[PDB]
């Protein structure tokens, strides 16, 4: 069982937008940014952290900081999960296939890293699409280490109620003194407008710059 609360649509300043983005104007949208990871990378090295759980956790912290990232339709109602957990890809080198695992979120990165590294240790070699099953309150992260993309765009055949956010990380590279990571984010318009993604991406850049590991 998982906690949620209910959006009151008749009182919401997005009532009209939600109603249209749920019917005649339904749409999802993707955007890519070359994210500045110079500081964050130095940090992850300084502390001997694995890049990937560290990045997944800053995203998870953001999904867990604004309610527009945690929306679902539940038995006909718009709801906001009290938390969301990251569901991230793991690559199997031998079969050339992937799985998605999810790890329980906590604010303290240290506590999350321990749960993550444990999840990878027990389920990493399990070749199921979803070794742990899937839960209803997650968001997606995938690592695409081969390609320093300028664009990454998802075209999901059925977007009905697909409100979980989907992030895709690209291969970081050098650009003068910086390390730039390509970062794409797909969201559904019924639950995020440009303002939500934009504030999130700004706070993500900032957090990457100011977090001090641990």
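Residue numbers count along the first chain shown, from 1.
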- Which has the higher mean CA temperature factor in the PDB entry, 72-80 or 136-144? 72-80
- The stretch carrying the higher mean Cα B factor in the deposited entry, 47-55 or 22-30, is 47-55
- Query: Which third, lowest, middle or highest, does the CA B-factor of residue 189 fall in along this chain?
  - Reply: lowest
- Query: What third of the chain, by the recorded C-alpha B-factor, contains residue 153?
  - Reply: middle
- Against its chain's modelled residues, does residue 179's Cα B factor rank lowest, middle or highest third? highest
- Could you look up the Cα B-factor of residue 41 in the entry and say which third of the chain it sits in: lowest, middle or highest? highest
- Ranked against its chain, the third holding the CA B-factor of residue 9: highest
